[PDB]
Amino acid sequence: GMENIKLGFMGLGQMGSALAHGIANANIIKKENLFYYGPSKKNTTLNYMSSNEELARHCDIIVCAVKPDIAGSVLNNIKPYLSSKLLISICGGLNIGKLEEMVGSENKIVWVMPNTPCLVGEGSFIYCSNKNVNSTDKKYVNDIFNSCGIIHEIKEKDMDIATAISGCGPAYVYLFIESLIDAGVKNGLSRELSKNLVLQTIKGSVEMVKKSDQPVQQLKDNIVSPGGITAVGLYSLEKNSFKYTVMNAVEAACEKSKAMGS
Amino acid sequence: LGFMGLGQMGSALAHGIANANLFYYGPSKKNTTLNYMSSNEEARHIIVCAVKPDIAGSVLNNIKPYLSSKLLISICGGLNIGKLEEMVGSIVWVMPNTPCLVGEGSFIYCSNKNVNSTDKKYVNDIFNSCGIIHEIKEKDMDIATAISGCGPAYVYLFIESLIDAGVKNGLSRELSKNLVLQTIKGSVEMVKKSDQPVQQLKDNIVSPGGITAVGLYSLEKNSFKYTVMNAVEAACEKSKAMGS
Amino acid sequence: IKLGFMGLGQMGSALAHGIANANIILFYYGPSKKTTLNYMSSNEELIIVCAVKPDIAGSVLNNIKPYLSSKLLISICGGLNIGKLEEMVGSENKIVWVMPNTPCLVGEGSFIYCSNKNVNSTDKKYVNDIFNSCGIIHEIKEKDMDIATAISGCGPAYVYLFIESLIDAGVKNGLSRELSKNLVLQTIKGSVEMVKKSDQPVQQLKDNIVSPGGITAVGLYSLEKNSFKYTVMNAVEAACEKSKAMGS
Amino acid sequence: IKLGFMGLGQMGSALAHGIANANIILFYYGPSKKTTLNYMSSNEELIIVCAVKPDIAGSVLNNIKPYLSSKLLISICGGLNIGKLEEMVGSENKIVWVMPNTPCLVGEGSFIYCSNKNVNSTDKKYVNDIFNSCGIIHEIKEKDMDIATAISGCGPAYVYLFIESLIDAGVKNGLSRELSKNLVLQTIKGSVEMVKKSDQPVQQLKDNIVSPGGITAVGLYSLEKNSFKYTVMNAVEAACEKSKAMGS
Amino acid sequence: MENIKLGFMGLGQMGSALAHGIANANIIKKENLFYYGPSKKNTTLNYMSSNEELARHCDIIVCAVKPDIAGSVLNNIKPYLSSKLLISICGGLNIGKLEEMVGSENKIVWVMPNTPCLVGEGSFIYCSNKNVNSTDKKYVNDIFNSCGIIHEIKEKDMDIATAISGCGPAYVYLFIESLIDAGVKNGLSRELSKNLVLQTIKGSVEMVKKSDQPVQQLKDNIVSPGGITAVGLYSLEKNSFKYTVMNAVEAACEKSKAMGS
Ligand SMILES: NC(=O)c1ccc[n+]([C@@H]2O[C@H](COP(=O)([O-])OP(=O)(O)OC[C@H]3O[C@@H](n4cnc5c(N)ncnc54)[C@H](OP(=O)(O)O)[C@@H]3O)[C@@H](O)[C@H]2O)c1
Ligand SMILES: NC(=O)c1ccc[n+]([C@@H]2O[C@H](COP(=O)([O-])OP(=O)(O)OC[C@H]3O[C@@H](n4cnc5c(N)ncnc54)[C@H](OP(=O)(O)O)[C@@H]3O)[C@@H](O)[C@H]2O)c1
Ligand SMILES: NC(=O)c1ccc[n+]([C@@H]2O[C@H](COP(=O)([O-])OP(=O)(O)OC[C@H]3O[C@@H](n4cnc5c(N)ncnc54)[C@H](OP(=O)(O)O)[C@@H]3O)[C@@H](O)[C@H]2O)c1
Ligand SMILES: NC(=O)c1ccc[n+]([C@@H]2O[C@H](COP(=O)([O-])OP(=O)(O)OC[C@H]3O[C@@H](n4cnc5c(N)ncnc54)[C@H](OP(=O)(O)O)[C@@H]3O)[C@@H](O)[C@H]2O)c1
Ligand SMILES: NC(=O)c1ccc[n+]([C@@H]2O[C@H](COP(=O)([O-])OP(=O)(O)OC[C@H]3O[C@@H](n4cnc5c(N)ncnc54)[C@H](OP(=O)(O)O)[C@@H]3O)[C@@H](O)[C@H]2O)c1
Ligand SMILES: [Mg+2]
Ligand SMILES: [Mg+2]
Ligand SMILES: [Mg+2]
Ligand SMILES: [Mg+2]
Ligand SMILES: [Mg+2]
């Protein structure tokens, strides 16, 4: 049972709308029980509400989907209306300590880190919660995000690196896909065909990792025919520090999450 | 259906078709469900040339008299139709990848003058059972090989690098793997479903003054895009070099 | 209203001459006479524009401090935020921080502004009307002024250098400088017009020009090799860092 | 006159729709139906525009070879020069090599052309009128076509990426994508307008924006660090090399 | 030593390698080897209900957990370590940090192992506090010399020794991995490349071990004037091979000191 509880989204930006419509299409909560507020009305199936305060006073679970720089004032305005209610924050960088500083230690605070793929029911989520979040609250959190993806409960200290991989990850994958298509378009292939060949190559590779008992590096080794084509392409990636480039990008994002966390 | 050579690609392609619902030869017997045959010459058969390109010349020379009205399919890298017609006489050239083992392979092919629409129908059915196949121009085979054939290795290293970054900064290797694979799965799904181009989907994740922006800026610094494009082009160049 | 431009240098003149050619509303002072605007004996001599360099703006604004009662002070000084400006003239004064660019000289400027508590709707109405006459003005947050400066204020310099580099490339490979310039400016004019009119994003418009196996794909590959995007981004961020450092 | 666009892809459509919106003079063929232009059964079916990719242009022009008698053939294929074109249809035909860009869709294209011996003043008058209606056209030497392509033809892609990188920099540092875009496009619009109107050279216009000890000087220093000029020049030259290689 | 009870707190990658390394050496009875983890492991060692129970039961306690949770784990076993030998394999966490976690009253020894101890070829360095005597060091030496070679070194030298001996295998694995990839790229099979690589390294180590000539002279010996080796060695200098190896070690040593701060 989750059809009766009222879900409220404070802000419907790029992540807010993706998460809102991700849960809406999953059908675990009734359409008339999904609410939102923004300074401007959005093209959405969710029910508009007059303010964040009236959203917090009506809804049972409140989602903070605003930018972290304006999250402090928004949460301060709904501060007295969070009594006995569950607050879920998707704000990047803002950890439980900073959130407890914004609304109070007495409230139920859970910090969830989503990604945009939840729109197509394939989101990746990580979360941590404060002292006041119980087993029945965690059951609500799990069911909401498992309906439009896969959720893990992790330590609070691991949230910054997880954000860098799971939250920011799509962007690295999008750019990877973008770069592979461009390489194809440059060397004779159409943009449509390049995209098909790229997406199917990645889909197959991911499935191989999941299903095979062999590690990723052995699966990589298997493709390298002695004196062949793949060996030359991989040699090029090593030359240009492909591994370090990816690792450095993730770590740079991880530092930014921690910098905002101070 | 006969596989000449049962190595990493041979076994992957063989078991991919077998699971979809078969003979092979190698200098050593392999741990496989396929039926072993005494030689490449043993005339019995669709013939798949799954040997390395450096030995394919002599191996195809041995089966030259036994290819009378038989459909020869070659998966050898670099060796184009002109190079193959020199080896067996004036044939379809198919470029697979290992993910066909789990029925999710990517294939591209071109055919000579002797291959008609009925052989093409069998070509499409054999490979669409364990993946997706496209008929392309022969000139496009080298770049397609670079992306589709070599591609999984680029992705594996991409996955490998993302896990390493998670491990380095506190996450367990197992959790890092789960998060990486789901993130990639979700992103690919977004591309093929969305009406927005991939770059706009990339823009949507960049919250102004946020974390992702710093990650992408780091990728631009170290020329991530050029790195990927240079790797594909290096492989494409090698494919054309062996085809010369 | 009577405008007074304190400093008539490179930005002071460009702004003053931009509003003058717009015909909507002019006085100035400098240590040396410069212009169609009417010269005045000093800065103290009685809307006021502070168009001096930030290193001398401290003493210059401190001299006109007791003379800015019920008068609208607009500052175009880079880096010096409202916090720094209220330290220079006082919290009680009506202060608005506007960031212009030189293209306002030809009536095509880009402006961003923020204002303190004392600036009201009627004051903002004047500010908006003054700068929309010779360009486009946006009211933004004070925190966003540093990045907005780095793009809108410093921007022309990146674009001039962009034009400069494209012309040089044409000249190097056989084209005359005049023809190279003509082709470059039109190519950019058409591209800018394509972005604001097309429903497709800028990257899709970029994808449309890339013919498979073609010429554009090779040039665009060269830009990726030399980290073109990072280079542009690093420059804007470096400028943004400088603006915040001066505001500290 | 009756225009016929052989190929209606990314450039074919942009050019055809550019002249269509200009209202001065329309037919097309493709392997798949696309547009307001009238579809025709084949390329052979009877001014002709060859708007296909250069790799297939050889056979495509060879099919219409006996049908181009006393007809003006304009080719927009990149790399394929008049020497390569006269090999494809014959020396006796009237051939003109025009290099367009996609901005002609919004009536702001940039064109360069050269023509063989058989193209006369009346043929050039038509060519000039067709392309001046949706942009600006210049007649240049054939030898200069490769560099002119690299700048005017491929140019929009460099400008789109320039716009793309500036927007990303704004987004990274707190600005919304919509505002970043607005500021970027206006900043560039004003800069382009400053170059064509000012009597000062582009580098002097760049010097005017650099305040001593200021913000611009730091961003411009960052561009010099990352070889911004070379990057732009290397890209144009790389494209120019590609155009000549395809023309060989 | 068959009678003393050894306990491992955490059987991860290093925990299990050290545990099974000692187990295969047969110096301590099978029934006398104990472990605890939040999840039961596929191991020959006897499972125990908690770390506190493990501390109460065993004569020697091994801290094989990650350094970020070692503080709370050692805090829980704090009242159960009286007269017992505590050995810590945690990276970065020096004696100062350990005495801060359990108290300077305890017998604390900091040992830095590597996974090669699983095949009885581990490299160990150790330092101990004021309370660890000669008889305790007798136990330490015999435990780790059974599955490798142990050295007693200065506490200040532990960070660089960790960077070489502890982290070392990873560099060697990558080195081996890279040499195979080079063979595979240029026509050799993965199996043959591996065999040639491992034998080449095995022989080279033995030459450094047994020769009166320094490593650099042994290097010079293989370089024939105008030959093949010269070209390969020049390529390594071009891409700063020596610095790369040295920088990696220093970056690791830097990280060990940062955690020890
Ligand atoms: N991912 C990929 O690996 C991939 C992708 C696309 C295309 N390909 C193509 O597939 C071909 C094989 O690649 P691979 O990676 O599988 O190489 P591989 O692992 O070396 O496989 C070659 C196999 O052929 C066998 N063989 C050797 N000599 C033979 C002979 N005289 N007659 C018959 N069989 C013989 C070998 O058996 P033994 O093991 O007993 O020596 C070996 O198992 C290459 O041409 C490559 O271009 C591979
Ligand atoms: N992929 C991702 O983008 C992603 C992934 C993981 C986490 N996140 C997190 O999600 C949050 C939002 O990111 P985003 O990318 O969606 O940014 P965004 O697109 O700028 O979304 C912010 C939205 O909040 C609205 N808003 C502004 N002020 C408000 C207020 N006072 N009360 C309620 N709503 C207000 C805005 O509406 P208007 O448009 O009308 O101004 C805007 O649509 C960030 O904290 C980020 O860390 C994002
Ligand atoms: N494109 C741009 O240049 C640009 C863009 C945005 C913002 N800004 C801002 O505009 C301000 C000025 O920039 P700029 O490039 O115009 O610098 P500038 O060319 O050096 O102009 C400063 C002018 O102020 C005059 N001046 C010097 N001391 C004075 C005083 N004590 N009282 C009154 N006037 C005095 C100087 O006159 P003399 O010539 O007689 O010495 C000089 O012409 C800076 O704060 C900058 O942040 C400039
Ligand atoms: N910005 C630019 O893209 C640009 C700028 C300057 C010059 N050019 C030049 O313009 C030419 C085309 O460029 P593009 O970017 O438009 O490439 P494109 O988007 O691939 O357009 C080519 C079009 O030709 C059609 N086509 C294919 N085979 C044909 C045939 N046998 N007969 C007639 N039409 C056929 C295709 O139709 P289907 O879609 O049905 O396959 C396709 O739409 C190139 O030669 C290039 O050098 C382009
Ligand atoms: N080669 C090496 O890895 C190496 C070399 C030298 C030194 N070290 C040192 O050895 C230590 C562990 O390294 P590692 O690579 O083995 O990390 P690891 O593979 O993550 O092992 C840590 C293990 O501790 C367990 N654990 C977690 N919480 C526990 C608790 N409260 N009580 C008892 N056990 C708990 C975990 O069990 P679950 O799996 O059930 O969570 C995990 O298996 C580190 O301090 C490191 O500095 C490692
Ligand atoms: Mg996938
Ligand atoms: Mg059967
Ligand atoms: Mg007047
Ligand atoms: Mg008409
Ligand atoms: Mg050895």
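Method-wise, the PDB entry is recorded as coming from X-ray crystallography, at a reported resolution of 2.300 Å.

Participant: Run through the overall build of chain B, naming residues and quoting values.
Facilitator: The helix and strand inventory of chain B stands at 10 helices and eight strands. Along the first, second and third principal axes, the C-alpha atoms of chain B reach 70 × 35 × 30 Å.

Participant: Which residues make up helix α6 (residues 151-168) of chain B, and what values do they have?
Facilitator: One turn of the α-helix equals 3.6 residues, which is why residues spaced by three or four share an orientation. Residue and element names in this part refer to chain B. For α6, built from 18 residues, the straight-helix expectation of 26 Å at 1.5 Å per residue is met to within 8% by its first-to-last C-alpha distance of 26 Å. Of all 18 residues that make up α6, 16 are buried, and the element is covered over most of its length. Immediately beyond the C-terminal end of α6, within one or two residues, lies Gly170, with a positive phi of roughly 120°.

Participant: So, the pairing of strand β8 (residues 131-135) of chain B: which residues are in play, and what are the values?
Facilitator: Along any regular strand, the residues point their side chains to alternate faces of the sheet. Sheet topology places strand β7 (residues 105-111) of chain B next to β8 of chain B; five bridges connect them, and they run parallel. When the bridges of β8 of chain B are listed, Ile108 of chain B appears paired with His134 of chain B.

Participant: Tell me about the relation of the copies chain D and chain C, and please be specific about residues and values.
Facilitator: In this arrangement, two copies of a chain are superimposed by a rotation about an axis accompanied by a shift along the axis. Note on the identical chains: chain D maps onto chain C by a rotation of 180° and an axial translation of 0.0 Å, with an RMSD of 0.0 Å. This pairing of chains is accounted for by a two-fold axis. Interface overlap between copies is the fraction of interface residues in one copy that are interface residues in the other; for chain D against chain C it reaches 100%, indicating a shared surface.

Participant: Please provide a residue-by-residue account of the packing of helix α8 (residues 191-211) of chain A against α6 of chain B, values included.
Facilitator: Contact geometry of α8 of chain A with α6 of chain B gives a least axis separation of 9 Å together with a crossing angle of 55°. Regarding the angle of α8 of chain A to α6 of chain B, the classification is oblique. Note on packing geometry: the crossing formed by α8 of chain A with α6 of chain B is right-handed. The residues of α6 of chain B that touch α8 of chain A, namely those facing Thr201, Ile202, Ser205, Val206, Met208 and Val209 of chain A, are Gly151, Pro152, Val155, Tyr156 and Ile159 of chain B.

Participant: Could you give an account of a nonpolar patch on the surface, with specific residues and numbers?
Facilitator: Residues and elements named next belong to chain E. Together, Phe175, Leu179, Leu236, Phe241 and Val245 make up an exposed nonpolar region whose accessible area comes to about 390 Å². Among the elements of the structure, α7 (168-185) and α11 (241-259) are those that each provide at least two residues to the nonpolar patch. Considering the arrangement of structural elements, one finds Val245 in helix α11.

Participant: Could you give an account of the UniProt feature "binding site: NADP(+)" (unreviewed entry) in chain B, naming the residues involved and the relevant values?
Facilitator: Mapped onto this numbering, the UniProt entry gives "binding site: NADP(+)" (unreviewed entry) at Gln8, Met9, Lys30, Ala50, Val51, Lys52, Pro53, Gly77, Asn204 and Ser207 of chain B. By the element assignment, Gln8 of chain B lies in helix α1 (residues 8-20). On the accessibility criterion, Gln8 of chain B (44% relative accessible area) is partly exposed. If we skip the residues at most four places from it in the chain, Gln8 of chain B touches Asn222 of chain A together with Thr98 of chain B. Checked against the element boundaries, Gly77 of chain B lands in the loop between β5 (72-74) and α3 (81-88). Discounting residues that sit within four places of it in the chain, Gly77 of chain B has contacts with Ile229 of chain A together with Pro53, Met95 and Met242 of chain B.

Participant: Describe the pattern of salt bridges, with residues and values.
Facilitator: Here the structure, examined in full by the defined rule, presents 48 salt bridges over all chains. For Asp55 of chain D, the salt bridge is made with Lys139 of chain B, and the minimal N-O distance between the two is 3.4 Å. Placement of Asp55 of chain D in the loop between β4 (48-50) and α2 (57-63) and of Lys139 of chain B in the loop between β8 and α5 (141-149) is noted, with the two residues assigned to different chains. Assessed through its relative accessible area of 45%, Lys139 of chain B is described here as partly exposed. In this structure, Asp157 of chain E and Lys156 of chain E form a salt bridge, with 2.9 Å as the shortest nitrogen-oxygen distance. Take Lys156 of chain E: its relative accessible area is 58%, and that puts it in the exposed class.

Participant: Which residues make up the state of the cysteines, and what are the values?
Facilitator: Residue and element names in this part refer to chain C. On inspection of all chains with the given rule, the structure shows zero disulfides over all chains. Free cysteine: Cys134, not disulfide-bonded; nearest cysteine sulfur from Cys104 at 5.3 Å. On the accessibility criterion, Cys134 (0% relative accessible area) is buried.

Participant: Break down the site of ligand 3 for me, citing the residues and quoting the values.
Facilitator: In the neighbourhood of ligand 3, 24 residues make up the surrounding shell, with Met11, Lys34, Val52 and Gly78 of chain C together with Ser211 of chain D lying closest. The residues that come close to ligand 3 belong to more than one chain, namely chains C and D. At 2.7 Å from an oxygen atom of ligand 3 is found a main-chain nitrogen or oxygen belonging to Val52 of chain C. When the residues that make up the shell around ligand 3 are grouped by side-chain class, the tally is 13 nonpolar, nine polar and two charged.

Participant: I'd love a proper account of the interface of chain D and chain C, names of residues and values included.
Facilitator: Tallying the contact residues gives 97 residues for chain D and 97 residues for chain C. The largest contributions to the chain D side of the interface with chain C come from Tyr160, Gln186 and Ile215 of chain D, which together make up 8% of the buried area. Joining chain D to chain C, the criterion identifies 10 salt bridges. Note that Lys206 of chain D is salt-bridged to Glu164 of chain C, the shortest N-O span being 2.8 Å. Our enumeration of links across chain D and chain C arrives at 18 residue pairs in polar contact.

Participant: I'd like a rundown of the pairing of strand β6 (residues 92-95) of chain B, residues and numbers included.
Facilitator: Residues and elements named next belong to chain B. Burial of β6 is two-sided: the residues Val92 and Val94 facing one way and the residues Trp93 and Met95 facing the other way are all buried. Inspection of the sheet shows β5 paired to β6 by two bridges, in the parallel sense. By the bridge assignment for β6, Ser74 is matched with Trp93. The pairing of β6 with β7 spans four bridges and is classified as antiparallel. Bridge assignment links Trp93 to a residue of β7, and that residue is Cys110.

Participant: Could you give me a rundown of the arrangement of the chains, with the residues and numbers involved?
Facilitator: A gap remains between chain C and chain E, with no contact made and the closest C-alpha atoms lying 20 Å from each other. A gap remains between chain D and chain E, with no contact made and the closest C-alpha atoms lying 23 Å from each other.

Procedures and definitions
- Residues numbered from 1 in each chain as written, not as in the entry; some residues may be left out.
- Chains lettered and ligands numbered in written order.
- Part of a larger assembly, values for the part shown.
- Heavy atoms only, no water.
- Residues with missing side-chain atoms left out of burial classes, pairs and counts.
- Helix = DSSP H or I, 4+ residues; strand = E, 2+ residues; numbered from the N terminus.
- Expected span 1.5 Å × (residues − 1).
- Buried < 20%, exposed > 50% of the residue type's maximum accessible area, 1.4 Å probe, protein only.
- Pairing = 2+ DSSP bridges.
- Least-squares fit on C-alpha atoms.
- Contact = heavy atoms within 4.5 Å.
- Axes fitted to C-alpha atoms, helices over the stretch in contact; angles between N-to-C directions.
- Parallel < 35°, antiparallel > 145°, perpendicular 65-115°, else oblique.
- Left-handed = near helix turned anticlockwise from the far one by under 90°.
- Patch = residues over 30% accessible without salt bridge, like charges linked within 9 Å, V, L, I, M, F, W, Y side chains within 5 Å.
- Areas by Shrake-Rupley, 256 points an atom, 1.4 Å probe, with all protein chains shown as cover.
- Salt bridge = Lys/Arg side-chain N within 4 Å of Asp/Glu carboxyl O.
- UniProt positions renumbered as here; feature names shortened; annotations may be inferred.
- Disulfide = S-S within 2.5 Å.
- Near = heavy atom within 4 Å.
- Polar contact = N/O pair within 3.5 Å; in protein donor to acceptor, adjacent residues only side chain to side chain.
- Nonpolar A, V, L, I, M, F, W, Y, C, P; charged D, E, K, R; others polar.
- Buried area = accessible area lost by both parts, 1.4 Å probe.

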